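Step one of this worksheet: look at the structure below.
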Amino acid sequence: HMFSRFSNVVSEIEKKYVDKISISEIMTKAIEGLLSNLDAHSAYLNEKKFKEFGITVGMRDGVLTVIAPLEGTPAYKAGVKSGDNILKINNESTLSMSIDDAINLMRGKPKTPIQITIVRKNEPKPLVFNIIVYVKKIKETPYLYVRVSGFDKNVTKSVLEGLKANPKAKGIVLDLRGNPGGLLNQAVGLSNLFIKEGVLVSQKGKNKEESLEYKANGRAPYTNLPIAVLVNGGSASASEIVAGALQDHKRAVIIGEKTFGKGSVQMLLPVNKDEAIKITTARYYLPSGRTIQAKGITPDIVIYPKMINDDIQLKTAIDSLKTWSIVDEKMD
Amino acid sequence: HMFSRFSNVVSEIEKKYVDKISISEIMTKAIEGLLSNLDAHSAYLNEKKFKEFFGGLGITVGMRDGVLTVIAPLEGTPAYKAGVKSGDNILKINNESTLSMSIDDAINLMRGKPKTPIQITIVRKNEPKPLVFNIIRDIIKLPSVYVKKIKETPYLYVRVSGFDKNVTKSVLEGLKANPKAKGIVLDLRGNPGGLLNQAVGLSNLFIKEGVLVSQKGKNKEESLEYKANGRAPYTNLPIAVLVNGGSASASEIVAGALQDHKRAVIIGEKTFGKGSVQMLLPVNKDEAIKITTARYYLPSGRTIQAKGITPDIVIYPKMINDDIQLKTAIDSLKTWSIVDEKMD
Amino acid sequence: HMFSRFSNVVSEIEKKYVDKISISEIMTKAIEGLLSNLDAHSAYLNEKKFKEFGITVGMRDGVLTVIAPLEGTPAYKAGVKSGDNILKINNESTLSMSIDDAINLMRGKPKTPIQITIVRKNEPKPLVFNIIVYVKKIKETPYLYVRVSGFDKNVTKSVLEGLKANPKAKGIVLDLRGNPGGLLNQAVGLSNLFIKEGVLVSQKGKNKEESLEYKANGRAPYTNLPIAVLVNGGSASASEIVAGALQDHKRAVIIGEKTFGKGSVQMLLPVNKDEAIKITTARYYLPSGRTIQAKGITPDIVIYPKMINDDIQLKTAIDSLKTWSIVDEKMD
Amino acid sequence: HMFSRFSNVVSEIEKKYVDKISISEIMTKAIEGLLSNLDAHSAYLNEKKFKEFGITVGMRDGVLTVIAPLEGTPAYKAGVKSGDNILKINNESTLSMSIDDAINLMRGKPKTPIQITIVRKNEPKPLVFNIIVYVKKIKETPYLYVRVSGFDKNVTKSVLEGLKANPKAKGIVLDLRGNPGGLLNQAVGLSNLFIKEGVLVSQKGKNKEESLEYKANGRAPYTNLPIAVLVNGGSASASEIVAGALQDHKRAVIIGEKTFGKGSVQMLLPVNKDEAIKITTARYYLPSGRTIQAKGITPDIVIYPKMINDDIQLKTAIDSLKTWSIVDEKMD
Amino acid sequence: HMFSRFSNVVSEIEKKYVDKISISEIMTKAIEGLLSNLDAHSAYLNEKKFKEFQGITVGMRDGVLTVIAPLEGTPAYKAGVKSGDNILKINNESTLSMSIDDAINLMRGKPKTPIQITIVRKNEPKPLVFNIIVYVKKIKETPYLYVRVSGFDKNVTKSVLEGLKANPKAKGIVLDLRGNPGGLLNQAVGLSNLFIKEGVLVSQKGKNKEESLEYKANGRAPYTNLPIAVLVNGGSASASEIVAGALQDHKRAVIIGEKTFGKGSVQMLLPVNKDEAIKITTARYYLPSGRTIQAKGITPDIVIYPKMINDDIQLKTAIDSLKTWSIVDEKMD
Amino acid sequence: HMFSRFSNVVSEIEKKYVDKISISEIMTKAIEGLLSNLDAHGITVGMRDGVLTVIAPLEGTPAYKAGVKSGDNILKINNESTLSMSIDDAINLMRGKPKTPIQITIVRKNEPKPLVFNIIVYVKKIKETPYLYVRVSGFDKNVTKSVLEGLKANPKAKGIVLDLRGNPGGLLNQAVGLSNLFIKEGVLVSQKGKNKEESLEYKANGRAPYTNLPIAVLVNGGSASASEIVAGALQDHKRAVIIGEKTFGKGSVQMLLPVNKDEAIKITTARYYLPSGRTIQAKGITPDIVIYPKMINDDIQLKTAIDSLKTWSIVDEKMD
């Protein structure tokens with residue numbers, strides 16, 4: 001009889017444990033424990049907080065870290081950076097808690113100093129902080145500049161208008177660095193402007209049903225327009241969606257540090273009034289036939305660190321776009 | 001049975017998950033999740049001590065702030081070459097991620113055939129990167145127990161770093177060899193614990209009346225308790241006892257019989273609060289488990305495990321002048337001897 | 001006839017010396033040639049000053065040194081500490097003269113300008129400096145810290161009322177460094193509050209007459225009150241004659257470094273019509289059977305030479321006094 | 001009567017000078033002054049020197065500078081590097097002499113110990129020193145890096161067969177560093193490999209007759225093969241022909257430091273019945289129209305310094321080559 | 001008389017050369033290239049301002065232009081430029097191939113003009129670039145008087161008659177010549193100190209026996225016994241060693257300082273056109289010992305390398321020599 | 001007896017003092033206390049900053065290689081407190097059988113602690129210059145003849161650099177004889193006391209062969225009073241140029257009165273006088289110009305002395 005392990009364990013732990021626990025306490029402490037030990041991320045949502053449902057936070061190898069902070073948060077002004085390994089917040093250990101607790105303790109009533117302690121690799125001691133879409137035409141360079149800090153809505157038309165400003169340009173710079181990512185649909189729609197044939201992405205799991213896929217069309221006005229993409233360790237999900245749609249179709253050269261491979265689809269479905277769960281349903285797969293999750297996407301060129309001259313990697317990207325312009329002028 | 005409130009989740013996770021995993025695997029994952037929320041030093045597995053019973057590197061691992069930690073390097077073992085020190089959080093062993101397991105797993109991986117190199121990655125307080133230590137195993141074992149006399153004074157300083165082999169008789173004879181000393185410095189540093197019987201026997205010397213240690217659970221039955229008799233020969237002998245982070249469990253019932261009864265003076269650093277006992281017992285027909293069923297306490301009524309033994313005098317570091325802790329302890333011992341002489 | 005050698009020397013010196021000398025100035029240069037030659041503390045005084053009647057200078061092995069300055073004058077603020085070997089003052093060499101000459105040179109009106117040069121061991125160069133009784137509780141501890149400003153008159157009553165004001169019967173720490181000393185009656189009055197039986201000290205010499213001795217009375221209300229002595233090399237005379245009675249009676253443990261000896265008594269006596277002589281006639285002898293001169297008290301504790309944490313020696317004394325309180329609590 | 005000023009001047013110089021001067025010396029000095037103020041490459045050879053007739057010497061900002069040695073010569077033992085100005089040779093002033101004199105001093109028997117003092121920018125004081133054609137496959141990529149050190153015959157067929165051996169290279173990194181080149185014919189032959197049509201180089205003067213023109217015919221087998229040639233100050237004259245054929249026709253990527261504009265050719269001709277001068281009657285021309293002289297080939301990307309990571313020049317050139325290979329892959 | 005050898009060159013290079021030239025161009029080029037190369041101090045004035053309308057001295061140290069001595073009044077001294085520095089550029093033009101006259105004309109201009117000059121100092125690897133925009137002092141605690149000379153003509157002869165005839169207290173005077181470029185031998189009025197005893201002080205020689213001026217001295221200088229010590233350094237040139245030859249050859253002083261190099265030479269003007277002319281060094285100054293300033297200069301007897309007196313060691317040694325001379329005079333007297 | 005003002009003291013010290021001491025010891029102490037207020041009076045020791053100080057070791061003794069320099073005060077000898085004694089005691093301690101191993105502790109100015117050390121006429125021709133530099137080792141007898149013959153060997157030199165450093169000095173007669181070379185008339189020295197009788201005086205005769213020979217003499221702290229006779233003659237009669245540091249002016253001379261077989265007292269019954277009304281004690285011969293430090297450029301003293309000597313020679317040649 002295989003239906004016996006859990007009953008015996010529950011009986012022993014509800015009888016002889018050093019403290020007294022009932023059915024409810026063991027059940028709630030087993031469901032969430034199974035959630036946390038089952039996959040990378042999971043969370044049980046209570047009924048009271050199920051009515052409605054700072055820095056962006058993402059686990060790496062089990063230790064909670066911040067992937068890519070934003071300038072709009074007070075923590076960036078405090079001195080937070082990418083790659084920071086979070087260790088303790090508000091005298092509470094962070095080796096075991098969900099992101100939800102982090103977003104409640106970070107976002108809420110202002111004028112509340114929060115004693116966040118973070119361990120950085122470059123220096124031993126944990127620092128303590130008491131914390132509280134875009135298209136440009138760079139000067140002295142006719143070539144356009146593109147900076148994206150997230151794949152929000154109403155961005156495809158903005159990008160089209162921004163690229164309409166300088167059609168004569170023989171190259172653009174893509175700034176996907178320090179990007180947590182965004183919606184897969186928005187990412188593939190944005191990357192549609194730089195490819196014409198093939199599949200932009202393939203979302204596949206283990207069940208053939210709901211294997212959502214996105215295809216290219218004839219609405220791309222910048223297929224042959226040279227591009228060089230800047231990526232780094234701190235780019236995730238939709239960033240690698242774009243950097244796989246481009247690099248897999250051989251329509252770009254990817255320049256920067258080796259990135260961090262993450263991204264999967266999850267959603268909320270109420271199985272009961274008092275039971276709510278979250279689980280990794282499916283993954284993103286790039287057109288080459290490989291997933292983002294395992295190792296990330298390796299740039300062809302790797303190099304580590306008015307305004308163009310202040311970044312060596314941007315200089316290498318400028319090199320690459322100028323070479324592409326040279327090839328275009330040679331053939332034309 | 002009332003499995004339903006978890007069987008709903010097992011069905012959902014075995015219906016809409018990325019992979020197709022066996023029911024046994026998800027059952028094991030839920031069991032480990034229950035363990036990882038009840039406590040921090042329990043392990044549930046099929047294979048156990050049925051036919052387990054050698055050697056080792058003499059290393060010790062303990063759970064602090066979610067990380068295993070080496071606490072007590074031993075001179076007898078070849079750890080001198082590796083230069084292992086306390087306060088080193090365990091990150092990786094054998095160049096693989098060892099972020100979150102149990103203490104028993106680390107003990108089992110350490111135990112094995114000797115003369116085998118091991119790679120230890122650990123983060124030290126002042127070093128910038130987790131250093132890699134290449135430590136070779138050995139079979140030579142040697143307990144560290146000795147009796148010495150302090151220079152230019154009748155007081156004695158003796159060293160006992162373990163609670164094995166019932167060293168109580170050796171301690172008694174060493175103390176009785178020179179009873180002239182009106183004070184003797186006892187060290188609990190470099191001794192994170194041992195057998196409770198040896199600890200009771202050692203602390204029996206300094207206490208003549210009252211209780212010594214009481215192991216209790218939430219069940220009144222088997223509320224085991226130890227009581228000191230009148231056999232205590234040194235009930236009048238003053239002492240100074242030094243404790244630090246390198247002491248736990250057995251070396252914390254002594255510093256609860258003395259400090260809480262004013263029989264001795266406690267100096268050093270805040271200790272490690274490992275004041276509970278772990279036992280193996282079966283849960284099913286072919287599965288055995290390791291979860292605690294009772295802790296143990298101090299004569300004052302407080303428990304060791306919850307916060308750890310607190311020294312009375314706190315200070316941080318020719319042997320007397322080498323470390324300021326021994327200097328302060330000798331000062332306390334001399335003052336106690338002077339009060340004894342003034343009374344005389 | 002050894003006195004005839006004096007006649008021979010005085011004749012050979014007053015006849016063929018390269019300067020004109022007479023009986024008066026050969027006798028005066030022998031009176032002060034024998035006084036301040038027997039012991040460093042002896043000197044000559046004139047009856048012209050007899051009708052008339054900031055730092056402290058003690059003869060450390062002949063060479064004049066400074067024992068302890070005073071806060072009431074800017075001399076202490078000038079940076080002079082213990083062991084400061086005086087070499088010159090008022091641009092005149094401090095080769096060999098009595099302390100009275102020095103106190104005339106500097107001590108007097110506060111507006112009097114003084115210039116002193118000192119050859120300290122730490123700085124090879126001779127540094128030059130130009131110079132123009134309470135009871136307090138200890139935070140977090142039952143003990144109180146007591147300091148004496150000086151051994152002058154009417155200080156015993158103040159310390160007695162201060163100790164009686166707060167009924168702290170677990171222990172007190174006593175400070176002695178920085179006190180040059182004073183009269184014996186004040187010292188015995190101050191120390192009789194602690195001493196109950198036996199002889200606190202005995203004044204003795206080669207003469208069996210006037211061997212003044214002070215005996216403790218059974219009116220001491222603080223026999224069992226724990227104390228730890230706080231002394232250093234800057235304690236002498238009245239800070240070690242009565243403070244040695246403690247260690248002689250096993251009433252305390254001294255904390256610090258080896259102290260200094262200034263425990264010999266002297267006075268003035270006429271020798272001729274208008275001349276006076278100062279000679280150390282008798283000594284202080286501790287009840288153990290040994291005199292202070294000149295070793296002070298042998299070391300007890302080896303130590304490196306809000307308010308409590310700032311000094312290590314006070315921390316060690318606090319540790320010892322806490323141990324004494326622990327013994328008292330165990331017995332009680 | 002416009003033929004009197006120079007005669008008056010020479011007569012005056014021969015009449016009222018410090019020393020008696022012959023007509024030969026004054027006329028020689030006047031001719032040498034004309035040569036020096038006329039052209040910077042002149043020489044004065046007599047009838048005896050006419051029958052009679054390693055390191056590189058060139059005139060930069062007036063001073064004579066050594067550009068780069070040859071690894072075949074023992075100069076590698078002497079450690080001769082770039083950025084050196086010859087301050088003295090054999091402890092003699094070298095302020096102002098003709099380049100031919102320095103060349104003659106250098107030329108001689110091999111393995112001759114010669115003292116040479118040079119001025120280096122990094123060093124604070126001048127130091128004195130003593131002087132006593134392969135195909136490589138780039139790692140991890142099918143690209144190749146080729147080198148040319150011997151400017152002799154059959155080098156064109158050797159490089160052609162080397163290129164034909166491994167046609168898999170979708171782009172090959174090139175460099176002209178440390179290569180001044182020799183005759184123009186072999187340089188035209190070498191640059192013909194990358195150019196299939198148009199003018200390659202020309203050699204002209206203000207005389208229309210005898211203006212040489214070299215145009216590459218349709219025998220180039222690598223017109224579509226991408227290249228990225230690296231140039232620096234260590235290349236001049238007969239290597240800048242290639243970097244003017246490629247850069248101005250968009251058939252390679254030119255990166256590095258600016259070159260030396262030694263674009264003219266020197267030859268010996270007789271001026272008098274017994275005297276001869278060595279003057280440049282011809283200069284080189286780039287296919288764009290401008291000349292190499294005095295400015296040199298201008299690199300497109302300008303940067304300054306497993307083996308790829310050692311030097312930033314090869315890293316940037318590899319970046320450009322990889323980008324061009326990606327463009328070629330995108331095309332097909 | 002005959003242009004043959006040069007006329008072959010002109011006829012050839014008028015056509016055969018790479019660029020187009022005319023007879024006037026090559027004539028001027030040959031004249032300039034002969035003048036500037038025949039001797040280091042000879043050049044032709046093509047169209048200079050002296051023809052139409054009518055700041056430091058630069059000396060060619062072994063053919064290279066070097067700073068001789070900046071002036072305190074001009075901002076050149078404030079620029080920090082020291083002697084022995086090889087000038088390499090002035091107003092974005094290389095200095096390696098022109099005469100001193102061009103440099104001095106470019107230096108002179110409207111006030112408040114920041115003329116840039118690049119000079120390669122030996123003490124620094126890189127050349128710094130600076131945008132350049134007689135009195136007697138009673139030294140403290142010393143009876144001696146300090147004489148500072150800003151022009152050599154000021155030291156020939158006036159002081160016996162009027163200068164030092166009113167202050168006989170000067171039993172010793174410090175004679176300094178450091179950084180003095182030179183001057184004329186016969187043109188000054190103000191405070192002209194003199195110490196030369198008698199006889200020949202300087203001579204001139206060459207090829208033309210005519211106008212071989214040799215200034216002489218007579219017994220009109222009663223200051224032949226006043227003790228002096230002379231301060232010289234590398235900054236002294238031309239006449240500054242004429243005096244240091246006169247004294248050191250009359251044994252009228254001992255020369256204290258650092259071995260120096262002078263530039264004693266004479267150039268004149270010979271018209272070649274309506275108003276302008278050319279220059280050439282034809283005669284040189286000769287010291288009474290039987291030698292001449294060029295070359296290698298005159299070696300000071302005492303060579304020492306570098307409250308006013310206490311601030312410099314060399315002046316501290318010169319004052320020692322002056323005191324020794326006073327001691328000798330007191331011993332004999 | 002008339003010593004009542006000392007009998008009173010001896011009675012008070014034999015009656016009311018702490019200890020009881022024999023009268024002979026008190027009498028010796030009284031003699032020593034009298035000998036220590038009228039006057040402050042291998043290796044050399046002298047009174048500076050209140051203590052005995054070493055001046056300069058002799059080249060022949062091992063103290064030369066022991067590293068003994070100037071500016072050293074005596075703190076201990078043989079690891080005993082030596083704060084205050086007479087000079088004669090240390091002199092007798094050092095004097096005796098040579099090659100005697102003995103430990104001396106000396107206070108060093110440029111050291112953090114006083115260290116312990118276990119102590120166990122030539123004429124040179126200056127190259128390229130006619131001038132010569134000479135030195136003097138000791139002021140003992142039969143030295144004048146050697147110096148005179150060395151000077152007469154090469155009289156061509158218009159200047160000689162006299163070296164008084166490293167020569168402590170000696171008897172007055174030797175100093176007068178050796179300084180007689182550079183002075184032809186006048187008084188040389190005067191040894192006088194408060195008694196007019198026995199005021200020995202020395203005057204130079206016409207035997208001087210170098211009356212016009214310019215000389216530069218260098219004196220510093222290393223030259224004691226016993227050698228400053230030459231520097232008091234020359235610097236005051238304008239016969240040489242004195243450069244260096246201030247000297248050690250212990251001018252006066254004492255005489256010995258024996259009190260036992262090996263014990264004696266000394267009193268300075270004789271004083272020195274320079275031929276200008278001055279005296280050596282205690283300022284010493286102040287140099288005219290003061291300086292503080294291929295054999296010339298290594299030091300500044302000889303450099304400045306050679307400069308002054310060359311100026312002297314230039315004035316001599318200008319006179320000729």
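Identifiers for the structure tokens are assigned positionally: chains receive A, B, ... in sequence, residues are indexed from 1 per chain, and ligands are indexed from 1 in the order shown.
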
Test item, helix (DSSP H, G or I) assignment across stretch 206-325 of chain A, answer as an mmCIF file with N, CA and C atoms, in the first residue's frame:
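Output below, filename part_22.cif:
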data_model
loop_
_atom_site.group_PDB
_atom_site.id
_atom_site.type_symbol
_atom_site.label_atom_id
_atom_site.label_comp_id
_atom_site.auth_asym_id
_atom_site.auth_seq_id
_atom_site.Cartn_x
_atom_site.Cartn_y
_atom_site.Cartn_z
ATOM 1 N N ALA A 238 12.312 38.389 -21.642
ATOM 2 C CA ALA A 238 12.038 39.009 -22.934
ATOM 3 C C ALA A 238 13.298 39.572 -23.579
ATOM 4 N N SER A 239 14.274 39.982 -22.768
ATOM 5 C CA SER A 239 15.549 40.418 -23.323
ATOM 6 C C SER A 239 16.180 39.317 -24.160
ATOM 7 N N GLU A 240 16.284 38.115 -23.607
ATOM 8 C CA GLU A 240 16.786 36.976 -24.354
ATOM 9 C C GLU A 240 15.800 36.487 -25.403
ATOM 10 N N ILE A 241 14.516 36.813 -25.277
ATOM 11 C CA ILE A 241 13.586 36.547 -26.371
ATOM 12 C C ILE A 241 13.979 37.344 -27.608
ATOM 13 N N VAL A 242 14.241 38.641 -27.437
ATOM 14 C CA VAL A 242 14.672 39.469 -28.563
ATOM 15 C C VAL A 242 16.052 39.036 -29.048
ATOM 16 N N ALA A 243 16.969 38.790 -28.115
ATOM 17 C CA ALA A 243 18.330 38.379 -28.457
ATOM 18 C C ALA A 243 18.412 36.956 -28.973
ATOM 19 N N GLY A 244 17.324 36.198 -28.947
ATOM 20 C CA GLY A 244 17.284 34.919 -29.618
ATOM 21 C C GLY A 244 16.581 35.033 -30.951
ATOM 22 N N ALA A 245 15.551 35.878 -31.020
ATOM 23 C CA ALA A 245 14.881 36.117 -32.293
ATOM 24 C C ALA A 245 15.843 36.715 -33.309
ATOM 25 N N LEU A 246 16.686 37.649 -32.873
ATOM 26 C CA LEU A 246 17.663 38.256 -33.764
ATOM 27 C C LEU A 246 18.793 37.287 -34.079
ATOM 28 N N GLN A 247 19.538 36.869 -33.056
ATOM 29 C CA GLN A 247 20.728 36.052 -33.273
ATOM 30 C C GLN A 247 20.415 34.711 -33.921
ATOM 31 N N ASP A 248 19.203 34.184 -33.740
ATOM 32 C CA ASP A 248 18.851 32.913 -34.359
ATOM 33 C C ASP A 248 18.561 33.064 -35.844
ATOM 34 N N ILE A 308 29.406 58.287 -25.906
ATOM 35 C CA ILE A 308 29.753 57.015 -26.533
ATOM 36 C C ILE A 308 31.134 56.556 -26.079
ATOM 37 N N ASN A 309 32.062 57.498 -25.906
ATOM 38 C CA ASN A 309 33.438 57.163 -25.562
ATOM 39 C C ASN A 309 33.588 56.628 -24.144
ATOM 40 N N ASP A 310 32.543 56.700 -23.325
ATOM 41 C CA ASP A 310 32.619 56.298 -21.927
ATOM 42 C C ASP A 310 32.366 54.810 -21.710
ATOM 43 N N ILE A 312 33.424 50.932 -23.321
ATOM 44 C CA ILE A 312 34.207 50.170 -24.288
ATOM 45 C C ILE A 312 33.307 49.242 -25.098
ATOM 46 N N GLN A 313 32.338 48.604 -24.442
ATOM 47 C CA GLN A 313 31.433 47.706 -25.151
ATOM 48 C C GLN A 313 30.609 48.463 -26.185
ATOM 49 N N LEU A 314 30.154 49.670 -25.840
ATOM 50 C CA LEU A 314 29.463 50.491 -26.825
ATOM 51 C C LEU A 314 30.386 50.856 -27.977
ATOM 52 N N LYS A 315 31.681 51.026 -27.701
ATOM 53 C CA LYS A 315 32.635 51.259 -28.780
ATOM 54 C C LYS A 315 32.724 50.050 -29.705
ATOM 55 N N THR A 316 32.718 48.841 -29.139
ATOM 56 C CA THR A 316 32.746 47.643 -29.975
ATOM 57 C C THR A 316 31.470 47.512 -30.800
ATOM 58 N N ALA A 317 30.325 47.854 -30.209
ATOM 59 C CA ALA A 317 29.075 47.844 -30.966
ATOM 60 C C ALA A 317 29.100 48.878 -32.085
ATOM 61 N N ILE A 318 29.705 50.040 -31.828
ATOM 62 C CA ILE A 318 29.872 51.050 -32.868
ATOM 63 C C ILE A 318 30.754 50.513 -33.988
ATOM 64 N N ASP A 319 31.835 49.821 -33.624
ATOM 65 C CA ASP A 319 32.673 49.136 -34.604
ATOM 66 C C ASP A 319 31.824 48.219 -35.480
ATOM 67 N N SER A 320 31.010 47.375 -34.847
ATOM 68 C CA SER A 320 30.239 46.384 -35.594
ATOM 69 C C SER A 320 29.231 47.043 -36.528
ATOM 70 N N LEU A 321 28.528 48.072 -36.050
ATOM 71 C CA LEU A 321 27.554 48.735 -36.911
ATOM 72 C C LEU A 321 28.241 49.475 -38.054
ATOM 73 N N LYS A 322 29.417 50.053 -37.801
ATOM 74 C CA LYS A 322 30.155 50.688 -38.885
ATOM 75 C C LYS A 322 30.604 49.664 -39.918
ATOM 76 N N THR A 323 31.026 48.480 -39.471
ATOM 77 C CA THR A 323 31.391 47.431 -40.421
ATOM 78 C C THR A 323 30.189 47.011 -41.258
ATOM 79 N N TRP A 324 29.021 46.895 -40.627
ATOM 80 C CA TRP A 324 27.817 46.561 -41.379
ATOM 81 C C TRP A 324 27.498 47.642 -42.405
ATOM 82 N N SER A 325 27.653 48.911 -42.021
ATOM 83 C CA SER A 325 27.463 49.998 -42.978
ATOM 84 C C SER A 325 28.461 49.897 -44.123
#

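Copy-to-copy comparison places chain C at a Cα RMSD of 1.4 Å from chain A, following a least-squares fit over all residues.
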
* Excluding residue A:292 and residues on its chain fewer than 4 positions from it, collect all residues at most 12 Å away from it, counting only C-alpha atoms, and give them as a ChimeraX atom specification. => /A:201-203,235-245,259-264,282-288,296-298

* **Who sits within 12 Å of residue B:8, only C-alpha atoms, same chain under 6 positions skipped, as number ranges by chain** => A: 27, 31, 270-272, 274-277; B: 2, 14-15

Residues as selected, C-alpha atoms, written as a compact mmCIF listing (two decimals), in the first residue's frame, can you do that?
# COMPACT_ATOMS: atom_id res chain seq x y z
CA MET A 27 -1.43 20.85 6.27
CA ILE A 31 1.54 22.53 1.21
CA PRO A 270 -8.33 29.14 -7.89
CA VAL A 271 -8.62 25.43 -7.14
CA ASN A 272 -10.56 26.25 -3.95
CA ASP A 274 -9.08 28.79 0.60
CA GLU A 275 -6.53 27.15 -1.73
CA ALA A 276 -4.39 29.09 -4.22
CA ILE A 277 -1.22 27.87 -5.93
CA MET B 2 -8.06 13.64 5.64
CA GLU B 14 0.83 16.09 -11.28
CA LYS B 15 -1.60 17.40 -13.92

* **atom CA of residue A:64 to atom CA of residue A:109, distance in Å rounded to a single decimal** =>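 Separation of atom CA of residue A:64 and atom CA of residue A:109: 23.6 Å.
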
* To do: Show which residues sit within 12 Å of residue B:308, as a ChimeraX atom specification. Count only C-alpha atoms, and ignore same-chain residues fewer than 4 positions away.
  => /B:64,192,243-253,255-256,269-276,297-298,302-304

* Asked: Within 6 Å of stretch 220-232 of chain E, counting only C-alpha atoms, which residues qualify if same-chain residues fewer than 4 places away don't, as a ChimeraX atom specification?
  -> /E:172,175-178,195,197,253-257,318,322

* Write out as number ranges by chain each polymer residue whose atoms come within 12 Å of residue F:25, counting only C-alpha atoms; drop sequence neighbours fewer than 6 positions from it. => C: 2-3, 38; F: 10, 13-14, 31-32

Residues of chain C within 7 Å of chain F: nearest atom pair and distance (Å, one decimal) for each, counting only C-alpha atoms, sorted by chain and number, as a Markdown table?
| residue | atom | partner | partner_atom | distance |
| --- | --- | --- | --- | --- |
| C:2 | CA | F:24 | CA | 6.5 |
| C:16 | CA | F:269 | CA | 6.4 |
| C:17 | CA | F:269 | CA | 5.6 |
| C:18 | CA | F:194 | CA | 5.1 |
| C:19 | CA | F:194 | CA | 6.3 |
| C:27 | CA | F:5 | CA | 6.5 |
| C:29 | CA | F:37 | CA | 6.4 |
| C:30 | CA | F:34 | CA | 5.3 |
| C:31 | CA | F:6 | CA | 6.9 |
| C:33 | CA | F:33 | CA | 4.4 |
| C:34 | CA | F:33 | CA | 5.6 |
| C:37 | CA | F:33 | CA | 6.9 |
| C:95 | CA | F:50 | CA | 5.9 |
| C:124 | CA | F:109 | CA | 6.8 |
| C:205 | CA | F:18 | CA | 6.2 |
| C:206 | CA | F:18 | CA | 5.9 |
| C:271 | CA | F:8 | CA | 6.3 |
| C:281 | CA | F:17 | CA | 5.3 |
| C:282 | CA | F:18 | CA | 6.1 |

* To do: Identify all residues of stretch 234-286 of chain A in strand (DSSP E) (DSSP on the backbone) and supply them as a ChimeraX atom specification.
  => /A:253-256,264-265,282-283

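Residue list for chain E within 7 Å of chain F: residues 251, 252, 254, 302, 317, 320, 321, 324, 325, 327 and 331 of chain E, counting only C-alpha atoms.
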
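Note that the spacing between atom CA of residue C:96 and atom CA of residue F:107 amounts to 19.8 Å.
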
* Asked: Nearest to chain A among D:295, D:249, D:278, D:290, with distances taken over only C-alpha atoms: which residue is it?
  ->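 Among the listed residues, the smallest separation from chain A belongs to D:249.
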
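If you measure from each of A:228, A:200, A:165, A:40 to chain D using only C-alpha atoms, the closest one turns out to be A:228.
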